[PDB]
Structure formats: C-alpha cells, structure tokens
Amino acid sequence: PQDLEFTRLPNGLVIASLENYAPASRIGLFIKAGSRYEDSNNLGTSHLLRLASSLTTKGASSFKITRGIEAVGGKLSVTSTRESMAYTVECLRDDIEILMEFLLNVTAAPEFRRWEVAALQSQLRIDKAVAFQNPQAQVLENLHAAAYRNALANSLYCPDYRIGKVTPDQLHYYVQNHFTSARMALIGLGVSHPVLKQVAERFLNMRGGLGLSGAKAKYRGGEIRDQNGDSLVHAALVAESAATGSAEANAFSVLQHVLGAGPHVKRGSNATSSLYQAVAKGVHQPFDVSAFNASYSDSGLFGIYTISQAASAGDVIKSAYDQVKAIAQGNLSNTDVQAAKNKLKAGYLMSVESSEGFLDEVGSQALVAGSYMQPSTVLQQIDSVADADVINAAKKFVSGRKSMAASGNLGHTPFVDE
Amino acid sequence: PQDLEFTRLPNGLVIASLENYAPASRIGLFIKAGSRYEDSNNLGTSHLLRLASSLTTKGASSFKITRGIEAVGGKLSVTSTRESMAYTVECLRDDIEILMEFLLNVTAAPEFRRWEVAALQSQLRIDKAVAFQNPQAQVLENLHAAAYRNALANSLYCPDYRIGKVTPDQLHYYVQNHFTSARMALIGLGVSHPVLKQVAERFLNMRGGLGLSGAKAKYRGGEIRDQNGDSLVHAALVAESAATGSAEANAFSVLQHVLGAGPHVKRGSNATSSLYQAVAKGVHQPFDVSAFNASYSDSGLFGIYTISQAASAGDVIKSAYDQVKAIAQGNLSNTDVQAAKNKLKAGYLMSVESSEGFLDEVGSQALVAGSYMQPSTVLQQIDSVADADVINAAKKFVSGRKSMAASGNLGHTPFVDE
Amino acid sequence: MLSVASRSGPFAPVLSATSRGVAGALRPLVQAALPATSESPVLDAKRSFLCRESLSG
Amino acid sequence: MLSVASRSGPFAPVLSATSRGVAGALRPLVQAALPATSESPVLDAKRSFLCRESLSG
C-alpha cells in the first residue's frame, strides 16, 4: 500500500519513498549527468567518473568503503545512460543507515587524488574491450555519431587517444557543475519518509541550483561504415521521431510492437511479427530483424535493425524497409493494433515487478517530469492511441532524412542513398 | 639526341629506350596494378606485394638477390599509386645485364612460400606506422573513402584487421590476373633498343592478354571526421572534376596555379597566391592553404587543403572557399592567367630533368596513352587554354556535390552541409 | 518520464564494487542464435556472465 | 599520360632494398613550418632523419 510519498524541497531536490515490509532495502540517487553534457575538450570524463565510486572521499578512505560495505554483505553500483547517472545501495533492513552515509560521501564529497586517478586510467581500456565483445555496442555508438552533430553524438566509453589523459581537475569541474540539487532525485524503497529528509539536509548545504545549460541536439543525416573481420553484418537505419512525454511518442511505441520488437516463445518462429514474416518470404538463410526505438528529452530515433550474412545483406534491408511503406499507405488491420497494445501493456507491468525495475521507473519519472503517475494512468494513455496516429508515424519515417551505420564485410551492403 | 625509340610488340607490350652516354643506367617496368583492382575479400594484397620484392623466385634464392645486387653497388625499388606499380633497377653501365635478369625473376616468376610470407606480415605494421607519422597520409586516405563508393576508395596500406591474414594463394591470384603483357611497359634509359627486345621474349612466353575488368569508380559525396589529439587541424574539401588526357583537365591545372600550389621562395610570404592572400586578411595565426588536384584514368578530384589551429578552422575554410566563388563569377585578370601558365610550364620542365623524373614521365605516358610526346607538344596544349575555360572549371567546383575529411580537435570545424 | 529502458533499445552500462560490468537491455536479442550458427568467441580479458546476482542461497 | 606526380597531390609510397620507405610528393608542403611551430616526429618506430643524402662520393 502507501503508494508513494512525494516531496519537492525548496531548492529542487525530489524525495520519494515507499514503505514495504520486505526484509531488504534499496536506495538510489538519480542525477542529470551523463555523456551528453561533455564538450570536445573533456570527452570520456563521465566514463571515468562511473569507475571511481570507491576512491577516497572526505569522510571515508578507500579501504573503509570496501571493507565497511562488505562486512554487512551490501552492494554498490553505478548505472549510466546518455542523459542520466544512478547510484544504488542495497542491504538488509537493519543495516541501511550505515550504507546511506557511504553513498552521500561518494557523490557529495569526493577527493580526486593524483596517484589514485592515475592508477585507474588502465581500467578504462579493460572496461571498453569487454563491452565491445558484443557487436551491438560499437554499431550503436557509431549510429549516434552518424545521427547527431553534438551532445547525443558522444559515446558512453572514452575514446582511445584520451585514455591516460583525464586529469583530476577535469573530474572536479564536472561534479561541481552537473551534480547540483535541482538536478537530483533521492528514491527509497524500504525506508521511511522522515529519515530520508534528514539525510537530505546533509548535502543541502552546497551545490544549490541548476547547473550548466547543455546545448540542444542538432540532427545530422549521416553514414558511418566499418569494414572488419566479423562473421555477420549488423546494420541500423533510422530517422528523427519524437521526444519523451508527448502524444506522438506513444504512437511510435505502438508502431514498434506492430512491426515486432523481440520474441515471446523460446525458439519460436515469430508468427505475429510483421517485419520477420516479410523478410522470410525470400530469404532462407539465418537472420534476425527488429524495430528500434530510442526516446530522449528533446529528440528521438526510430528505425530497423538487421543481422544477416554478408551476401544477403542488401536483400534483407530492402525487404524490411518495404514493409514499413505498406503500413504508411494505409494497410493496417484493426486486430493488429489491438494485439500490439496488449504486448505494450503487459511488458510495462512486467518491467516494474522487481525492486530493481521499480526503482528505475520511479527515478526516471522524477528527473524528466517531476511527478509520479500510477500504472493505471499510463495504461489509459496507451489505449487512447488511434489507428490514424500509427499510420501518421510510419509516414514520418518514410519521408524523413535517414542515418545509417553498419559493420562486418560490407561488400554487398547498400549505401544510404541507394 | 636519339629522342626515343618506341615499339609495340604484337601482344601489347610497350618497349621504349633512349641511349644516353652517361656512366649509369636505369631500367623500369611499369604495370597496370595497384589498389584500385582489389575487391572487399582481398584488401591489402597490393601492399604486401610491394614489400615482397626480395623473396625467393624460380631462378634465384632470396640470398642470391640481396648478395648479387649489393656486390656491384646496385639498387632495387618499388613505387606504387592507386593505379600503377613500378619496378626500378639502377647500377653502372657495365653491370646492367646482370640486374636485368634479377628484375625479370621478381615480376615474372615469383614463388610465395608459406614460411617467408608468414615472416613478412609484421613488416606491414611497421611500414604503416612510419607513413602515418605524417598527418596528411591519413587525411588523404580518408578523403578517397569519402569521395568514392568503390574502385577509388581502397587505401594504399593494409587495414588493421587484415594484417596477419594475407595468404599465399591470394598473392598468386593477383599476379596471375593483373601482371600481363598488354598491361606492361618496359622503359630503358642507358641501354640499347635490340637488347631490351631479347629480354622481352623471355617473359613473352606466358601472361598474355588483358587481365580483368576492374569496375568504374562511382562517386559518393560523403564525410569522414576523425577526432584525435593532434595539435593542428587538417581539412580537405573537393568535388569531381575531369579525367587525365582531356581538354578540361588542362583547365583545372591552370586554375590550380591561379589559386596557389606551393611556394617558390624560402620563407616567403606567397605574394602571388590568391588563396593565401584572402585568408590572411582576417586570420593572424599560423596557417597554410593550397589548392589540391588529383587526376586519374576515369575521374578526378579538385579542391582546397587547409592547416590551421583548432579555434580558427571554420574561419580559414570559409575565407578560402569564398575566393573560388569570386573567380567563378568572372573576376579573373589576364595577367594572372599568364603568370599561372609560366609556373605550370616551368614546373613541368624541371620535373623531367633528372633520370628518376624522366623515367617516371615516360612510363606513365606508355600505360595511359600508348605513345610518347615531346615536351614541346605538351607546352602547346597549355598555351591553348582560354580564360573562359578557367572560369568554367571554377563553376563546376562551386555547383558540384562536395566530399570532406578532417582530423584533429574538430570542435569548431564546419560540417559539409553548413 | 518513461525510461530509456521502457522503450527498448538505447544503451546503458553498469559498474560494480563486487559484481560484473554489464551492457544494454535487448542486445543479446533472441531468435539470433535460435536460427543457427552464432558462436560466442573466447576472451583475452572479460567479466563473468552469472554476475552472481542469481543464486538461491 | 601526365602522371599522378605531374599534377601535385595524389599519393605514392616507395619500398627499397637498401634505402628507406617514403611517402608522397607535396605532402609536407612548404610555408607550413614557416610560422608557429610545426614541431616534428617524437619517434617510436624510428625511420631516418636526412633521407640517404650522404655518401655523395
């Protein structure tokens, strides 16, 4: 019960708590930081800030943080995206006030000593090579650089020339300008509401307002090709869509589930995916197709994603793109819009089910909109999407300027103008 | 005297010799091979073929080639471009018939043994890193990849994923298909004409005919950006122009010397360069500008090249591009076209002056046109360029679709659409 | 208001104190290996898959 | 008919037997180090400094 208590402090801080009666607690701090707020003189500072959560602070050494958290069996983790950073602490219910003091030292009073920051530079090379063993990681960083000119073009991982050169003064400047109280949300899941507030006036003493004024993201319709020795071709093709929290964004979410956004049956043949059935009419080799969707605070991208063999890559991309054209000129049954609404509603209620998914869902609502909405208000917005709104979103894709990124053996892959 | 003897054999081979009475001789073999004839399954084969000139052949081991050439004080070298390969031998006049047998073994009977080709793979990494210490090497390979879709987008150096994987069967296939008699020119500089002919029927026994049918190059108007830690920004901006050996190609050569193509005085302020004077009106930092020209058998590129500091890179490129627009709408004095013809004529006679420059000039004429022309016929073609033909070449640049490549700190560099 | 992870497809990396580095939501997306021949290649450096996050006690 | 090197600007690399690897015709073009400092290579894979212009005889 007790759905959520929600409070805005007089300088911007958002505090929200729910009292379960579960044996474990989870506390998260969500900040408007991330790789979209760095310019071309400090690329990769947000990647090193993510790796530095257990260094010496003003209230605890690096030995006390590692030993004190492990003594009670707790955890500490950092999650980032292009627009957000999240610091999360979890333990058993009797120990949570010990781990709250550690979390406020990592975010509100860091020191960045020279000899500790210099020993951490080699971790940047290890973390990037582990992530790039998945071929989707590099395709999706190249796709954002092809689609934008600034802000959302910046990668999540540090560039190679820059490893070894992130200085302690660059770290001090990033935290001082982006980690302020009007950009922060403190979210608790197994604690009380007055105890989080008294925690909040121990970093209400400083970092008092908004930060700096990142720039708007300008769209660029570009192409990035990457010939290598991988055995399969990955490719993505997008256009500009719609920002988070608008009526057109809900129509693009419905259109994603009309075309197909991942399977439901283990080893099933994807019988209700429109994109998958159209490609499989003429292609009898292994492949995979999906619709892609990515929504941000001021822009969005929508398109398709293929994985194929090298000699079949042009056949797969043309068949998939020809299916979206059929929808944009009116061919859209009414029983297909209804089955897409069921997959979108059921996927939203299954993603808020665990404590990690629920804490993430509440924290992103407090940064972007500054409020909390129940899942019955969300489910009404999905049912108010009309069939003409879905056809209008498929016409914005077909007529819009495209961006592309591909990798593998690209000798049979089409160029974005062909 | 004795200007040149010129002969076509009945299967395509071109033989040309001049009898000086100089103490040293030079003999070159020129072939229509090079990086434009490889597809996406064998990239980097031409780079490894260039490095393999002293491996074991059917008539001499790798020990005999190195020891036999060094015993008389001779040389052996290979020069390549995107469209041509050239094998050159030089020694004193009494020793030249010893080094001719070595040169016909390197090109007409190579063996590619496994253990020798495997030890050579690490040389590809050394040769590429030495060449890329010059920042113009990587900018000019990225510019060709941005400008073409294929044929003329392949680099001179092997790609990084491909080092270690060029197989002996790929080398045997390249030589068998591209090193044939109707694509070859044998040029001698201190020898007689009947002695080169008897050398020629020693490899007239095999490898007859044209080879294979590379594809036409297809123009792509693209962009490649490369953020790194270099201290200066390099940038190039081109459009499609004209093929080698046409009347519009001579007009683009005159236009290059109108704008400026390198200095004549050591530490001079470039008083007769149009591009250099226009940039220096408002920019008071160190820089360098030049006009760029590159002509090939079926296409060409023409444009500008700047080197500047990072905060001034957009100011320099706009000032330089605004000067070409002034020429394209008629502002072109008659005493400027005449001073450009003098620099073009004098530079052509100074480049054919030494034995290395003269042998190169004759060998490229025999591959492309199949004839030899005296420098008085060349000097007439330059004087027949009219002033209206120069203005027409500057209008083809201004209205044509652009390609771009840049490197450095690119935070103030414009995009190709701005 | 709805998250990056709510509509599927933009990336997220995570870092720990006692657990392993992870990437993305729908990256190992299914019916890719289920039509056959997607071998997963071996490392010179990486993380452990279980992430330890799932053991019954 | 006129060469790559005759109009200035497309690239050429050279390999030798007893001499050093070279690149291009006009690449490092003059009135570039006339101003500022174009400080030159800090070498890590050292190829030569003067290109075999000695042993004139």
# chains A, B, ... in the order shown; residues from 1 in each chain; ligands from 1
$ select_by_dssp --residues "segment 124-342 of chain B" --states "strand (DSSP E or B)" --output "mmCIF file with N, CA and C atoms, in the first residue's frame"
data_model
loop_
_atom_site.group_PDB
_atom_site.id
_atom_site.type_symbol
_atom_site.label_atom_id
_atom_site.label_comp_id
_atom_site.auth_asym_id
_atom_site.auth_seq_id
_atom_site.Cartn_x
_atom_site.Cartn_y
_atom_site.Cartn_z
ATOM 1 N N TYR B 148 34.454 8.164 -52.903
ATOM 2 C CA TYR B 148 34.067 7.108 -53.816
ATOM 3 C C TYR B 148 33.362 6.001 -53.060
ATOM 4 N N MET B 184 51.723 -3.757 -69.584
ATOM 5 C CA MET B 184 53.095 -3.572 -69.132
ATOM 6 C C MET B 184 53.875 -2.688 -70.096
ATOM 7 N N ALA B 185 54.816 -1.918 -69.551
ATOM 8 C CA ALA B 185 55.727 -1.071 -70.314
ATOM 9 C C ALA B 185 57.138 -1.229 -69.764
ATOM 10 N N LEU B 186 58.085 -1.570 -70.635
ATOM 11 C CA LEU B 186 59.489 -1.738 -70.267
ATOM 12 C C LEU B 186 60.296 -0.559 -70.803
ATOM 13 N N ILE B 187 60.875 0.234 -69.905
ATOM 14 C CA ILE B 187 61.486 1.515 -70.250
ATOM 15 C C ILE B 187 62.954 1.495 -69.836
ATOM 16 N N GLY B 188 63.849 1.788 -70.777
ATOM 17 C CA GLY B 188 65.288 1.814 -70.527
ATOM 18 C C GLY B 188 65.880 3.193 -70.777
ATOM 19 N N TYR B 219 30.964 7.779 -57.916
ATOM 20 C CA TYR B 219 31.189 8.885 -56.991
ATOM 21 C C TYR B 219 30.162 8.896 -55.866
ATOM 22 N N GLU B 223 31.418 12.213 -46.014
ATOM 23 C CA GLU B 223 32.140 12.917 -44.975
ATOM 24 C C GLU B 223 32.717 11.912 -43.993
ATOM 25 N N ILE B 224 33.964 12.138 -43.584
ATOM 26 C CA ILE B 224 34.621 11.323 -42.569
ATOM 27 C C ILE B 224 35.339 12.254 -41.602
ATOM 28 N N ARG B 225 34.945 12.237 -40.336
ATOM 29 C CA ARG B 225 35.573 13.040 -39.299
ATOM 30 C C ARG B 225 36.418 12.145 -38.406
ATOM 31 N N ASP B 226 37.514 12.683 -37.875
ATOM 32 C CA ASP B 226 38.434 11.912 -37.035
ATOM 33 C C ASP B 226 38.971 12.775 -35.897
ATOM 34 N N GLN B 227 38.295 12.736 -34.758
ATOM 35 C CA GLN B 227 38.749 13.419 -33.555
ATOM 36 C C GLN B 227 39.959 12.706 -32.956
ATOM 37 N N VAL B 233 44.599 21.196 -36.986
ATOM 38 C CA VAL B 233 43.512 20.613 -37.763
ATOM 39 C C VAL B 233 43.900 20.582 -39.236
ATOM 40 N N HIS B 234 43.829 19.410 -39.838
ATOM 41 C CA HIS B 234 43.942 19.255 -41.278
ATOM 42 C C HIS B 234 42.539 19.072 -41.843
ATOM 43 N N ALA B 235 42.259 19.661 -43.006
ATOM 44 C CA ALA B 235 40.956 19.505 -43.643
ATOM 45 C C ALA B 235 41.068 19.630 -45.155
ATOM 46 N N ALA B 236 40.237 18.879 -45.870
ATOM 47 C CA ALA B 236 40.200 18.872 -47.325
ATOM 48 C C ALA B 236 38.757 18.857 -47.812
ATOM 49 N N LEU B 237 38.489 19.562 -48.911
ATOM 50 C CA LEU B 237 37.138 19.734 -49.439
ATOM 51 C C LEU B 237 37.195 19.747 -50.957
ATOM 52 N N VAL B 238 36.593 18.754 -51.610
ATOM 53 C CA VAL B 238 36.791 18.514 -53.036
ATOM 54 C C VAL B 238 35.457 18.334 -53.752
ATOM 55 N N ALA B 239 35.528 18.258 -55.080
ATOM 56 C CA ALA B 239 34.413 17.868 -55.931
ATOM 57 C C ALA B 239 34.969 17.121 -57.134
ATOM 58 N N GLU B 240 34.095 16.432 -57.856
ATOM 59 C CA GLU B 240 34.518 15.661 -59.022
ATOM 60 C C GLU B 240 34.856 16.570 -60.205
ATOM 61 N N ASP B 288 48.291 27.391 -43.284
ATOM 62 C CA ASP B 288 48.738 27.109 -44.643
ATOM 63 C C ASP B 288 47.539 26.665 -45.475
ATOM 64 N N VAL B 289 47.442 27.179 -46.704
ATOM 65 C CA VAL B 289 46.369 26.816 -47.626
ATOM 66 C C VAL B 289 47.029 26.409 -48.932
ATOM 67 N N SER B 290 46.346 25.572 -49.704
ATOM 68 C CA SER B 290 46.803 25.153 -51.016
ATOM 69 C C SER B 290 45.597 24.684 -51.814
ATOM 70 N N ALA B 291 45.741 24.674 -53.132
ATOM 71 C CA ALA B 291 44.785 24.006 -53.999
ATOM 72 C C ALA B 291 45.244 22.574 -54.248
ATOM 73 N N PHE B 292 44.288 21.658 -54.320
ATOM 74 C CA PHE B 292 44.539 20.231 -54.444
ATOM 75 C C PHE B 292 44.042 19.771 -55.802
ATOM 76 N N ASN B 293 44.792 18.889 -56.445
ATOM 77 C CA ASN B 293 44.397 18.368 -57.745
ATOM 78 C C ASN B 293 44.842 16.919 -57.821
ATOM 79 N N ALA B 294 43.977 16.044 -58.324
ATOM 80 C CA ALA B 294 44.296 14.626 -58.455
ATOM 81 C C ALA B 294 43.551 14.067 -59.650
ATOM 82 N N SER B 295 44.280 13.615 -60.657
ATOM 83 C CA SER B 295 43.690 13.181 -61.911
ATOM 84 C C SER B 295 43.963 11.700 -62.117
ATOM 85 N N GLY B 300 38.416 12.466 -61.507
ATOM 86 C CA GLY B 300 39.373 13.329 -60.850
ATOM 87 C C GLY B 300 38.735 14.060 -59.694
ATOM 88 N N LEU B 301 39.576 14.569 -58.797
ATOM 89 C CA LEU B 301 39.138 15.409 -57.692
ATOM 90 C C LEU B 301 39.904 16.723 -57.688
ATOM 91 N N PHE B 302 39.216 17.819 -57.374
ATOM 92 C CA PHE B 302 39.818 19.139 -57.232
ATOM 93 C C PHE B 302 39.222 19.831 -56.020
ATOM 94 N N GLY B 303 40.065 20.505 -55.243
ATOM 95 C CA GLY B 303 39.584 21.327 -54.156
ATOM 96 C C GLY B 303 40.639 22.095 -53.391
ATOM 97 N N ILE B 304 40.457 22.239 -52.079
ATOM 98 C CA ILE B 304 41.332 23.030 -51.228
ATOM 99 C C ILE B 304 41.788 22.176 -50.052
ATOM 100 N N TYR B 305 42.887 22.600 -49.426
ATOM 101 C CA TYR B 305 43.507 21.923 -48.289
ATOM 102 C C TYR B 305 43.973 22.987 -47.308
ATOM 103 N N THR B 306 43.532 22.900 -46.056
ATOM 104 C CA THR B 306 43.932 23.864 -45.042
ATOM 105 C C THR B 306 44.609 23.160 -43.875
ATOM 106 N N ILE B 307 45.507 23.886 -43.210
ATOM 107 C CA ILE B 307 46.087 23.501 -41.929
ATOM 108 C C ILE B 307 45.960 24.731 -41.051
ATOM 109 N N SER B 308 45.357 24.584 -39.881
ATOM 110 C CA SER B 308 45.102 25.728 -39.026
ATOM 111 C C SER B 308 45.098 25.296 -37.569
#
$ calpha_fit_rmsd --fixed "chain D" --moving "chain C"
1.4 Å
$ closest_residue --among "B:203, B:358, B:296, B:321" --to "chain D" --atoms "only C-alpha atoms"
B:296
$ residues_around --residues "residue 55 of chain B" --least-positions-apart "3" --cutoff "8 Å" --atoms "only C-alpha atoms" --output "list in words"
residues 52, 61, 62, 110, 111, 112 and 116 of chain B
$ write_last_selection --atoms "N, CA, C and O atoms" --output "PDB file, in the first residue's frame"
ATOM      1  N   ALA B  52      57.470  -7.457 -51.051  1.00  0.00           N
ATOM      2  CA  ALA B  52      57.964  -8.808 -51.243  1.00  0.00           C
ATOM      3  C   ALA B  52      58.934  -8.948 -52.410  1.00  0.00           C
ATOM      4  O   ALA B  52      59.013 -10.026 -52.998  1.00  0.00           O
ATOM      5  N   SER B  61      67.505 -17.534 -55.323  1.00  0.00           N
ATOM      6  CA  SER B  61      67.008 -17.522 -53.964  1.00  0.00           C
ATOM      7  C   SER B  61      67.042 -16.107 -53.407  1.00  0.00           C
ATOM      8  O   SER B  61      67.558 -15.178 -54.019  1.00  0.00           O
ATOM      9  N   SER B  62      66.479 -15.961 -52.214  1.00  0.00           N
ATOM     10  CA  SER B  62      66.439 -14.672 -51.552  1.00  0.00           C
ATOM     11  C   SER B  62      67.823 -14.246 -51.069  1.00  0.00           C
ATOM     12  O   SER B  62      68.067 -13.057 -50.848  1.00  0.00           O
ATOM     13  N   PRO B 110      57.621 -15.329 -59.547  1.00  0.00           N
ATOM     14  CA  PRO B 110      57.741 -15.417 -58.091  1.00  0.00           C
ATOM     15  C   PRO B 110      57.201 -16.735 -57.550  1.00  0.00           C
ATOM     16  O   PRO B 110      56.290 -17.343 -58.112  1.00  0.00           O
ATOM     17  N   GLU B 111      57.814 -17.189 -56.472  1.00  0.00           N
ATOM     18  CA  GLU B 111      57.247 -18.190 -55.591  1.00  0.00           C
ATOM     19  C   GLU B 111      56.777 -17.475 -54.341  1.00  0.00           C
ATOM     20  O   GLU B 111      57.345 -16.453 -53.953  1.00  0.00           O
ATOM     21  N   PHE B 112      55.743 -17.975 -53.728  1.00  0.00           N
ATOM     22  CA  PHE B 112      55.286 -17.402 -52.471  1.00  0.00           C
ATOM     23  C   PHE B 112      55.211 -18.566 -51.491  1.00  0.00           C
ATOM     24  O   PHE B 112      54.165 -19.195 -51.332  1.00  0.00           O
ATOM     25  N   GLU B 116      58.035 -17.809 -45.620  1.00  0.00           N
ATOM     26  CA  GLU B 116      58.557 -16.488 -45.956  1.00  0.00           C
ATOM     27  C   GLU B 116      57.471 -15.422 -45.954  1.00  0.00           C
ATOM     28  O   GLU B 116      57.714 -14.301 -45.506  1.00  0.00           O
TER      29      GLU B 116
END
$ residues_around --residues "residue 2 of chain C" --least-positions-apart "4" --cutoff "10 Å" --atoms "only C-alpha atoms" --output "list in words"
residues 244, 245, 295, 296, 348, 360, 361, 362, 363, 364, 365, 368, 369 and 378 of chain A; 6 and 7 of chain C
$ select_by_dssp --residues "segment 55-285 of chain B" --states "alpha helix (DSSP H)" --output "VMD selection string"
chain B and resid 62 to 71 96 to 108 114 to 131 135 to 147 168 to 178 193 to 200 247 to 259 274 to 279
$ atom_distance --atom1 "atom CA of residue 22 of chain D" --atom2 "atom CA of residue 127 of chain B"
9.6 Å
$ residues_around --residues "residue 167 of chain B" --least-positions-apart "3" --cutoff "10 Å" --atoms "only C-alpha atoms" --output "VMD selection string"
chain B and resid 42 45 112 114 117 to 118 121 164 170 to 172
$ write_last_selection --atoms "C-alpha atoms" --output "CSV table (one decimal), in the first residue's frame"
chain,number,residue,atom,x,y,z
B,42,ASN,CA,41.4,-9.3,-50.6
B,45,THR,CA,47.3,-7.7,-51.1
B,112,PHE,CA,55.3,-17.4,-52.5
B,114,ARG,CA,54.4,-20.2,-46.6
B,117,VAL,CA,55.1,-14.9,-46.4
B,118,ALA,CA,54.4,-15.5,-42.8
B,121,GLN,CA,53.3,-10.0,-42.2
B,164,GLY,CA,48.3,-11.4,-40.5
B,170,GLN,CA,45.8,-14.5,-52.7
B,171,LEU,CA,49.3,-13.3,-53.9
B,172,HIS,CA,49.4,-16.0,-56.6
$ decode --residues "chain D" --atoms "C-alpha atoms" --output "compact mmCIF listing (two decimals), in the first residue's frame"
# COMPACT_ATOMS: atom_id res chain seq x y z
CA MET D 1 49.50 10.34 -69.88
CA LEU D 2 50.57 13.00 -67.49
CA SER D 3 51.40 11.25 -64.25
CA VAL D 4 49.90 11.21 -60.80
CA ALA D 5 53.02 13.16 -59.77
CA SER D 6 52.75 15.62 -62.68
CA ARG D 7 49.62 17.38 -61.20
CA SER D 8 50.51 17.55 -57.43
CA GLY D 9 48.68 15.83 -54.73
CA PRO D 10 47.82 12.20 -55.15
CA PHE D 11 49.92 9.85 -53.03
CA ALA D 12 52.68 7.36 -53.75
CA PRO D 13 54.59 5.05 -51.36
CA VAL D 14 58.05 3.55 -52.06
CA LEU D 15 59.80 0.39 -50.79
CA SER D 16 63.53 -0.24 -51.27
CA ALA D 17 66.14 -2.97 -50.75
CA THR D 18 68.93 -0.75 -49.33
CA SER D 19 67.03 2.53 -48.79
CA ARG D 20 64.17 3.95 -46.78
CA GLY D 21 60.39 3.94 -47.15
CA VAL D 22 58.99 7.22 -48.47
CA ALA D 23 55.54 8.79 -48.97
CA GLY D 24 54.06 11.35 -51.32
CA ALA D 25 55.24 14.28 -53.37
CA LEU D 26 53.99 17.55 -51.80
CA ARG D 27 52.56 16.20 -48.57
CA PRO D 28 54.69 18.11 -46.15
CA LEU D 29 54.42 21.44 -48.21
CA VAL D 30 56.48 24.46 -47.53
CA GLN D 31 55.23 27.61 -45.73
CA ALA D 32 53.78 25.25 -43.16
CA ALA D 33 56.65 25.43 -40.65
CA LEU D 34 57.47 28.97 -41.68
CA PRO D 35 55.15 30.22 -38.82
CA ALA D 36 54.31 28.86 -35.30
CA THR D 37 55.98 25.68 -34.55
CA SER D 38 55.20 22.58 -36.52
CA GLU D 39 57.37 20.61 -34.14
CA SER D 40 58.27 17.34 -35.91
CA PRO D 41 58.07 13.49 -35.02
CA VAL D 42 58.80 12.20 -31.49
CA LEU D 43 59.91 8.87 -32.76
CA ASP D 44 58.73 5.45 -31.52
CA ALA D 45 59.27 3.48 -34.73
CA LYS D 46 62.37 5.35 -35.92
CA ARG D 47 62.75 5.80 -39.68
CA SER D 48 65.53 8.15 -40.80
CA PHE D 49 66.08 11.90 -40.35
CA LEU D 50 68.02 13.05 -43.53
CA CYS D 51 66.93 10.59 -46.31
CA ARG D 52 70.29 8.99 -47.53
CA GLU D 53 71.61 12.32 -48.91
CA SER D 54 75.14 11.50 -47.74
CA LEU D 55 77.88 9.23 -49.24
CA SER D 56 77.90 11.77 -52.12
CA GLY D 57 81.27 10.18 -53.02
